[PDB]
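> The file below is protein-v8.pdb, PDB, C-alpha atoms:
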```
ATOM      1  CA  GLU P   1      10.603 -48.646  -4.516
ATOM      2  CA  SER P   2      14.349 -49.351  -4.741
ATOM      3  CA  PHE P   3      16.666 -48.859  -1.772
ATOM      4  CA  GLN P   4      16.836 -51.674   0.707
ATOM      5  CA  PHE P   5      17.600 -49.662   3.833
ATOM      6  CA  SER P   6      20.201 -50.409   6.424
ATOM      7  CA  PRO P   7      21.648 -48.948   9.557
ATOM      8  CA  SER P   8      25.138 -47.456   9.225
ATOM      9  CA  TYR P   9      23.479 -44.896   6.988
ATOM     10  CA  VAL P  10      24.513 -41.743   8.814
ATOM     11  CA  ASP P  11      23.705 -38.566   6.856
ATOM     12  CA  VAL P  12      20.531 -38.137   4.814
ATOM     13  CA  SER P  13      22.619 -36.812   1.933
ATOM     14  CA  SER P  14      24.335 -40.178   1.517
ATOM     15  CA  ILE P  15      21.122 -42.017   0.641
ATOM     16  CA  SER P  16      19.376 -38.933  -0.764
ATOM     17  CA  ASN P  17      19.776 -40.641  -4.154
ATOM     18  CA  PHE P  18      16.625 -42.625  -3.344
ATOM     19  CA  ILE P  19      13.767 -40.208  -2.628
ATOM     20  CA  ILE P  20      10.502 -39.698  -4.452
ATOM     21  CA  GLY P  21      10.396 -36.527  -6.525
ATOM     22  CA  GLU P  22       8.524 -34.600  -9.178
ATOM     23  CA  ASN P  23      11.150 -34.626 -11.964
ATOM     24  CA  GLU P  24       9.833 -31.032 -12.357
ATOM     25  CA  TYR P  25       7.631 -29.953 -15.305
ATOM     26  CA  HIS P  26       6.240 -26.961 -17.197
ATOM     27  CA  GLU P  27       2.706 -25.699 -17.824
ATOM     28  CA  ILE P  28       1.239 -22.628 -19.528
ATOM     29  CA  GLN P  29      -1.816 -20.919 -17.952
ATOM     30  CA  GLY P  30      -1.023 -17.914 -20.166
ATOM     31  CA  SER P  31      -2.772 -15.382 -22.468
ATOM     32  CA  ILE P  32      -1.510 -12.420 -20.377
ATOM     33  CA  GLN P  33      -3.108  -9.038 -21.254
ATOM     34  CA  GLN P  34      -1.736  -5.592 -22.141
ATOM     35  CA  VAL P  35      -0.805  -2.728 -19.839
ATOM     36  CA  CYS P  36      -1.237   0.724 -21.375
ATOM     37  CA  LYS P  37      -1.659   0.249 -25.160
ATOM     38  CA  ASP P  38       1.456  -1.851 -25.846
ATOM     39  CA  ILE P  39       1.001  -5.613 -26.091
ATOM     40  CA  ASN P  40       4.581  -6.144 -27.280
ATOM     41  CA  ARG P  41       6.160  -4.012 -24.558
ATOM     42  CA  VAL P  42       4.838  -6.100 -21.647
ATOM     43  CA  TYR P  43       7.108  -8.212 -19.459
ATOM     44  CA  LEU P  44       6.461 -11.246 -17.267
ATOM     45  CA  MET P  45       7.937 -12.294 -13.929
ATOM     46  CA  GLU P  46       6.649 -15.204 -11.849
ATOM     47  CA  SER P  47       7.844 -15.889  -8.310
ATOM     48  CA  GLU P  48       6.519 -16.806  -4.882
ATOM     49  CA  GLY P  49       4.462 -13.754  -5.635
TER      50      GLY P  49
ATOM     51  CA  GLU W   1     -14.918  33.126  15.438
ATOM     52  CA  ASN W   2     -13.031  32.941  12.137
ATOM     53  CA  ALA W   3     -11.738  36.483  12.656
ATOM     54  CA  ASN W   4     -10.511  35.105  15.962
ATOM     55  CA  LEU W   5      -7.656  33.074  14.583
ATOM     56  CA  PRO W   6      -3.977  33.748  14.162
ATOM     57  CA  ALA W   7      -2.406  33.602  10.697
ATOM     58  CA  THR W   8      -2.459  29.893   9.812
ATOM     59  CA  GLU W   9      -0.371  28.062   7.205
ATOM     60  CA  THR W  10      -0.102  24.268   6.955
ATOM     61  CA  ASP W  11       3.492  23.093   7.077
ATOM     62  CA  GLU W  12       4.311  20.787   4.188
ATOM     63  CA  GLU W  13       3.898  22.415   0.810
ATOM     64  CA  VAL W  14       0.495  21.730  -0.725
ATOM     65  CA  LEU W  15      -0.757  22.329  -4.255
ATOM     66  CA  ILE W  16      -3.619  24.679  -5.040
ATOM     67  CA  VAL W  17      -5.450  26.089  -8.061
ATOM     68  CA  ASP W  18      -4.098  28.897 -10.232
ATOM     69  CA  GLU W  19      -3.759  29.804 -13.860
ATOM     70  CA  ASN W  20      -0.028  30.418 -13.381
ATOM     71  CA  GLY W  21       1.269  27.058 -12.275
ATOM     72  CA  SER W  22       4.070  24.666 -13.135
ATOM     73  CA  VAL W  23       1.996  21.515 -12.564
ATOM     74  CA  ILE W  24       0.222  20.379 -15.706
ATOM     75  CA  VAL W  25      -3.140  18.865 -14.855
ATOM     76  CA  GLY W  26      -4.134  17.352 -18.151
ATOM     77  CA  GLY W  27      -7.810  17.558 -19.020
ATOM     78  CA  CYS W  28      -7.842  14.444 -21.167
ATOM     79  CA  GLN W  29      -5.420  11.777 -22.016
ATOM     80  CA  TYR W  30      -5.152   8.224 -22.531
ATOM     81  CA  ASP W  31      -7.049   6.680 -19.757
ATOM     82  CA  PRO W  32      -7.531   4.053 -22.463
ATOM     83  CA  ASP W  33      -7.457   1.233 -20.025
ATOM     84  CA  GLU W  34      -9.891   2.111 -17.262
ATOM     85  CA  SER W  35      -7.812  -0.651 -15.726
ATOM     86  CA  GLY W  36      -5.103   1.597 -14.346
ATOM     87  CA  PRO W  37      -5.662   2.553 -10.759
ATOM     88  CA  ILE W  38      -7.948   5.513 -11.323
ATOM     89  CA  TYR W  39      -6.875   7.909  -8.597
ATOM     90  CA  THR W  40      -8.885  11.090  -8.977
ATOM     91  CA  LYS W  41      -8.516  13.538  -6.166
ATOM     92  CA  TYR W  42     -11.513  15.865  -6.117
ATOM     93  CA  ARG W  43     -11.846  19.524  -6.967
ATOM     94  CA  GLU W  44      -9.770  22.505  -6.051
ATOM     95  CA  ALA W  45     -11.510  23.929  -3.003
ATOM     96  CA  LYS W  46     -11.130  25.216   0.540
ATOM     97  CA  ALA W  47      -9.785  22.670   3.054
ATOM     98  CA  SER W  48     -11.835  22.545   6.234
ATOM     99  CA  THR W  49      -9.885  22.557   9.489
ATOM    100  CA  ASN W  50     -11.714  21.040  12.476
ATOM    101  CA  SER W  51     -14.905  21.627  10.545
ATOM    102  CA  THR W  52     -16.625  19.320  13.021
ATOM    103  CA  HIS W  53     -17.095  22.136  15.533
ATOM    104  CA  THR W  54     -17.470  25.861  15.441
ATOM    105  CA  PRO W  55     -18.036  25.719  19.237
ATOM    106  CA  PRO W  56     -14.415  25.393  20.313
ATOM    107  CA  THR W  57     -13.078  24.813  23.795
ATOM    108  CA  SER W  58     -13.790  27.949  25.818
ATOM    109  CA  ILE W  59     -10.747  28.906  27.860
ATOM    110  CA  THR W  60     -11.695  29.994  31.352
ATOM    111  CA  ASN W  61     -10.802  33.621  31.859
ATOM    112  CA  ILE W  62     -11.575  33.127  35.519
ATOM    113  CA  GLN W  63      -8.305  33.868  37.292
ATOM    114  CA  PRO W  64      -7.358  32.278  40.622
ATOM    115  CA  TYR W  65     -10.355  33.366  42.637
ATOM    116  CA  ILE W  66     -11.442  32.623  46.196
ATOM    117  CA  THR W  67     -15.157  33.291  46.432
ATOM    118  CA  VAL W  68     -15.502  35.450  49.540
ATOM    119  CA  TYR W  69     -18.827  36.322  51.132
ATOM    120  CA  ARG W  70     -20.168  39.810  50.490
ATOM    121  CA  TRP W  71     -23.008  41.302  52.496
ATOM    122  CA  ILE W  72     -22.884  44.992  51.701
ATOM    123  CA  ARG W  73     -23.706  47.550  54.359
ATOM    124  CA  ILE W  74     -27.158  49.020  53.863
ATOM    125  CA  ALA W  75     -25.671  51.919  55.839
TER     126      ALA W  75
END
```
Would you put the structure from the file into structure tokens?

Amino acid sequence: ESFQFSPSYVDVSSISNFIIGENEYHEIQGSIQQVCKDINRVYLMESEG
Amino acid sequence: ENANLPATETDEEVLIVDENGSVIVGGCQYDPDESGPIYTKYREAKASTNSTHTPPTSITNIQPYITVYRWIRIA
């Protein structure tokens, strides 16, 4: 909503300050489960996979 | 027929039954979670080669042969 544009803006990086974004965030979607018998010994890795 | 067969052995080293072996089977365990991939190969047995057919390819024992006419002399 800010950013009155002009010409003479040359590289996107220069005005990249004004772009709409998600500010990031965090969610849960947890509760996991156990592998083998050990609930403490589990690990968690989230990725593209 | 089976007795027509050279002495066959399959190349890469395969496991078989014995009472003497190094490989522990296990007869029981934790398989507490059924959730593990349950990979159970079946029993120790005889492995069928080309079981699909007893009637193999029958190699011609005809040798290079020009059929030539034969009318035998009655006398």
> With the file shown as input, list the residues that the PyMOL selection byres ((chain W) within 12 of (chain P)) selects, as an MDAnalysis selection string.
chainID W and resid 29:37
> On this structure, the PyMOL selection byres ((chain W and resi 17) around 6) would catch which residues? List them as a ChimeraX atom specification, sorted by chain and number.
/W:16,18,44
> What's around residue 3 in chain P at 12 Å? Count only C-alpha atoms, leave out sequence neighbours fewer than 4 positions away in its own chain, and write the answer as a list in words.
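Near neighbours after the sequence-gap exclusion: residues 9, 15, 16, 17, 18, 19 and 20 of chain P.
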> Work out where the centre of an axis-aligned box around every listed atom of range 11-15 of chain P lies and how long its edges are once 5 Å is added on each side; give both in Å to one decimal as lines of an AutoDock Vina configuration file.

```
center_x = 22.4
center_y = -39.4
center_z = 3.7
size_x = 13.8
size_y = 15.2
size_z = 16.2
```
> Could you check how far CA of residue 9 in chain W sits from CA of residue 49 in chain W, in Å to one decimal?
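CA of residue 49 in chain W lies at a distance of 11.2 Å from CA of residue 9 in chain W.
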> What is the distance between CA of residue 1 in chain W and CA of residue 54 in chain W, in Å to one decimal?
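According to the coordinates, CA of residue 1 in chain W and CA of residue 54 in chain W are separated by 7.7 Å.
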> In Å, how far is it from CA of residue 25 in chain W to CA of residue 40 in chain W?
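We find that CA of residue 25 in chain W and CA of residue 40 in chain W lie 11.3 Å from each other.
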> What's around residue 32 in chain P at 12 Å? Count only C-alpha atoms, leave out sequence neighbours fewer than 5 positions away in its own chain, and write the answer as a compact mmCIF listing (two decimals) with C-alpha atoms, in the coordinates of the input.

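Result file out-v7.txt:
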```txt
# COMPACT_ATOMS: atom_id res chain seq x y z
CA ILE P 39 1.00 -5.61 -26.09
CA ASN P 40 4.58 -6.14 -27.28
CA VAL P 42 4.84 -6.10 -21.65
CA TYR P 43 7.11 -8.21 -19.46
CA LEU P 44 6.46 -11.25 -17.27
CA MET P 45 7.94 -12.29 -13.93
```
> Would you write out, as a list in words, every residue that the PyMOL selection byres ((chain W and resi 15) around 12) captures in this file?
residues 10, 12, 13, 14, 16, 17, 18, 21, 22, 23, 24, 25, 41, 43, 44, 45, 46 and 47 of chain W
> Write the residues of the preceding selection, restricted to C-alpha atoms, as a PDB file, in the frame of the given file.

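What ended up in out-v9.pdb:
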```
ATOM      1  CA  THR W  10      -0.102  24.268   6.955  1.00  0.00           C
ATOM      2  CA  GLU W  12       4.311  20.787   4.188  1.00  0.00           C
ATOM      3  CA  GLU W  13       3.898  22.415   0.810  1.00  0.00           C
ATOM      4  CA  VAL W  14       0.495  21.730  -0.725  1.00  0.00           C
ATOM      5  CA  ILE W  16      -3.619  24.679  -5.040  1.00  0.00           C
ATOM      6  CA  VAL W  17      -5.450  26.089  -8.061  1.00  0.00           C
ATOM      7  CA  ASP W  18      -4.098  28.897 -10.232  1.00  0.00           C
ATOM      8  CA  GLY W  21       1.269  27.058 -12.275  1.00  0.00           C
ATOM      9  CA  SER W  22       4.070  24.666 -13.135  1.00  0.00           C
ATOM     10  CA  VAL W  23       1.996  21.515 -12.564  1.00  0.00           C
ATOM     11  CA  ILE W  24       0.222  20.379 -15.706  1.00  0.00           C
ATOM     12  CA  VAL W  25      -3.140  18.865 -14.855  1.00  0.00           C
ATOM     13  CA  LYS W  41      -8.516  13.538  -6.166  1.00  0.00           C
ATOM     14  CA  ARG W  43     -11.846  19.524  -6.967  1.00  0.00           C
ATOM     15  CA  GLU W  44      -9.770  22.505  -6.051  1.00  0.00           C
ATOM     16  CA  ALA W  45     -11.510  23.929  -3.003  1.00  0.00           C
ATOM     17  CA  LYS W  46     -11.130  25.216   0.540  1.00  0.00           C
ATOM     18  CA  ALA W  47      -9.785  22.670   3.054  1.00  0.00           C
TER      19      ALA W  47
END
```
